[PDB]
Amino acid sequence: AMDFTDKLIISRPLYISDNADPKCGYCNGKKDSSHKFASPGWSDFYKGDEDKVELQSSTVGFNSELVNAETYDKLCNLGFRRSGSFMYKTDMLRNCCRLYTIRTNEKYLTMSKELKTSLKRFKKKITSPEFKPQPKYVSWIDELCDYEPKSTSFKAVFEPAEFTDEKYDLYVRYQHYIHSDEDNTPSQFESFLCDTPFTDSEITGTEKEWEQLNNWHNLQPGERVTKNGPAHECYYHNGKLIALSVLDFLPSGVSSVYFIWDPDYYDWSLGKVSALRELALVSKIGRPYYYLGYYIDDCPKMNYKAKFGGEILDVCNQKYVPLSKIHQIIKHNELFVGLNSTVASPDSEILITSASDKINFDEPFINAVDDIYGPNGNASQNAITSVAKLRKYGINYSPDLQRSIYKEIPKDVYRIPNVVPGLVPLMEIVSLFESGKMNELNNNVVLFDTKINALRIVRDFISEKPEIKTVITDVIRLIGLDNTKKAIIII
Ligand SMILES: [Zn+2]
């Protein structure tokens, strides 16, 4: 009698770290000393010795077999992104590049000369001279929603996120045009952009639901669309597929997964046009945010997302700050951890589950990164003490006793570092245990116990084997206690 449409079905978490040269495709392991470290305190720790540090690229995450749109919305707002069915994030303390989750909307959008030009050229490419413009347009959104549906040469169509040979061929051509002529197999395209982990209703939908979404240009204020889940938006120019947008519809807005286009159409600036159309779509369907993925201030292929404005997730506070308020202090690849300036100096990682006095980015605030996560910050020692306290509950963690977070020139993939920004701090995990809150897992969390090859509801968490309790605790670190209560964890 299990309701699988209310479940997050996941594999045990993985922590994957290796040299950023060559594993990081954003920086290739090449940074100036001024951008190399996560904070000024770590820069100072390595002053004159920056060459002894080998930058690593590190992610943490879990494979999903089943997720619904509301849960994926929560995961995006925790800082995760899906790569096919794999939900991941970087370790922002240790990673070579500082990746921030960004979201925006037409409110934050400040239409620049460049962007206006891309729309003006798009209108001209697709509009017949017979087109008669309306006397006035309140905004560029109403203008686009007038001329685009009247074009006879250009049509965009939303449909299920399913593989076709014609989409794959377009993918291969786009990937070759950016740097990828290898690792371009049909299977890789299918897993990355098709074959999603969502519920069957969210993938297939209904004929009416797709019809409704495909008339989005004519939605009136206050109307909505029922669509949630993954979609493809196919761009056709005289019947030829010239671009493909892969999009996830969430209760809070639309997430761009990827966008490919026919290299012959370089003159159409389809990257910009598609982003603006998706900003218009978000506005027309009455949802609040457009998610472009990760923002990296020092990477041009990722910092273009700032042209569309918006706010950045501070994963330690679980709150967004406008990018304009912090751009000046993240422009050397720093980690930002917000602290209202009126708040005492922090002797610990910020509490994520016991989050009463949430930061207010409207009041004055500072970057507390070095007080918490610097070389003389409190996080590491608090986490070592917490590892020892968690032993009595049968949690098989080991203390991270190295002096530095960075690898120096003189691997268990199930071992997460004690200290990772945005994961529940180990000191808070101790609090959950001491207060009895971990027993809220009982009668809630489900295991797919691969020995029995059967589902079972956890009834007495503390009497489970330590291997199991450790895995569950790492899922809690990643997604929090309340989301874990709706998980099925494969072990
Ligand atoms: Zn990097």
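Draft legend 1. Geometry of the sheet that holds strand β11 (residues 289-295). Here eight strands make up an open sheet; going across it, the order is β7-β8-β9-β10-β11-β6-β12-β13 and the pairing mixed. Each edge of the open sheet carries a strand with a single partner, namely β7 (154-159) and β13 (319-322). Across this sheet, the average inter-strand angle for adjacent strands is 30°, counted without regard to direction. Pairing of β7 with strand β8 (residues 229-237) involves six bridges; the strand directions are antiparallel. Bridge pairing links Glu159 to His232 in β8.

Draft legend 2. Summary view of the coordination of the zinc ion. Taken together, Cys24 (SG), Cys27 (SG), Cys96 (SG) and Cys97 (SG) make up the protein donors of the zinc ion, found 2.3 to 2.4 Å from the metal. Around the zinc ion sit four donor atoms; with metal-centred angles ranging over 101 to 122°, the donor geometry is tetrahedral. Mapped onto the sequence, the residues coordinating the zinc ion show the spacing C-x2-C-x68-C-C. Classification of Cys27 as buried rests on a relative accessible area of 7%.

Draft legend 3. View of the UniProt feature "binding site: Zn(2+)" (unreviewed entry) in the protein chain. When the UniProt feature table is mapped onto this chain numbering, "binding site: Zn(2+)" (unreviewed entry) sits at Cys24, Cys27, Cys96 and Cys97. Across 74 residues, the annotated set stays spatially compact, with a maximum C-alpha separation of 8.3 Å. Within the secondary structure, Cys24 sits in the loop between α1 (20-23) and α2 (33-36). The residues touching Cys24, leaving out its near neighbours within four places in the chain, are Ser57, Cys96 and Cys97. The topology assignment puts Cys27 in the loop between α1 and α2. Not counting residues up to four positions away in its chain, the partners in contact with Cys27 are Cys96 and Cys97.

Draft legend 4. Quick look at the pattern of salt bridges. For the structure on display, the rule yields 26 salt bridges. One salt bridge in this structure joins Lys486 and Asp6, with 2.7 Å as the shortest N-O distance. Judged by relative accessible area, which is 43%, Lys486 ranks as partly exposed. In this structure, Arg82 and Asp248 form a salt bridge, with 2.8 Å as the shortest nitrogen-oxygen distance. Taken together, the positions of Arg82 in strand β4 (residues 81-83) and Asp248 in strand β9 (residues 240-250) put the pair 166 residues apart, joining distant regions of the chain. Looking at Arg82, the relative accessible area reads 7%, which means it is buried. Its relative accessible area of 0% is what places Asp248 among the buried residues. Salt bridges linked by common partners bring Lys437, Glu440, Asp482 and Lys485 together as one network.

Draft legend 5. Representation of helix α11 (residues 270-284). For α11, which comprises 15 residues, the first-to-last C-alpha distance of 20 Å matches the rise-based estimate of 21 Å (1.5 Å per residue) to within 8%. When you tally the buried positions in α11, you get 13 out of 15 residues, the bulk of the element. Of the residues trailing α11, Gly286 is marked for its positive phi of about 75°.

Draft legend 6. Structural view of the domain arrangement of the protein chain. Here the protein chain is described as being made up of domain 1 (4-104 + 310-410 + 415-490) and domain 2 (113-287). Its C-alpha centre places domain 1 at a distance of 33 Å from the equivalent point of domain 2. In this complex, domain 1 contributes 18 residues to the contact, which on the side of domain 2 involves 19 residues. Taken over both partners, the interface formed by domain 1 and domain 2 buries close to 1,400 Å², and the fraction arising from carbon and sulfur atoms is 58%. Counting the surface domain 1 buries against domain 2, the share from its top three residues, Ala69, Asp73 and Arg82, is 40%. Linking domain 1 with domain 2 are one salt bridge. Our count for the domain 1 to domain 2 interface comes out at seven residue pairs in polar contact. Of all the elements in the fold, those that place two or more residues in the side of domain 1 that touches domain 2 are β3 (56-66), α4 (69-76) and β4. Looking at which element gives the most residues to the side of domain 1 that touches domain 2, the answer is α4, with five residues.

Rules and cut-offs
Residues numbered from 1 in each chain as written, not as in the entry; some residues may be left out. Heavy atoms only, no water. Pairing = 2+ DSSP bridges. Helix = DSSP H or I, 4+ residues; strand = E, 2+ residues; numbered from the N terminus. Axes fitted to C-alpha atoms, helices over the stretch in contact; angles between N-to-C directions. Donors = N, O, S within 2.8 Å, 3.2 Å for Na, K, Ca; no water. Tetrahedral: all angles 85-135°; square planar, octahedral: opposite > 155°, others 65-115°. Buried < 20%, exposed > 50% of the residue type's maximum accessible area, 1.4 Å probe, protein only. UniProt positions renumbered as here; feature names shortened; annotations may be inferred. Contact = heavy atoms within 4.5 Å. Salt bridge = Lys/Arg side-chain N within 4 Å of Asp/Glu carboxyl O. Expected span 1.5 Å × (residues − 1). Domains from an automatic or database assignment. Buried area = accessible area lost by both parts, 1.4 Å probe. Polar contact = N/O pair within 3.5 Å; in protein donor to acceptor, adjacent residues only side chain to side chain.

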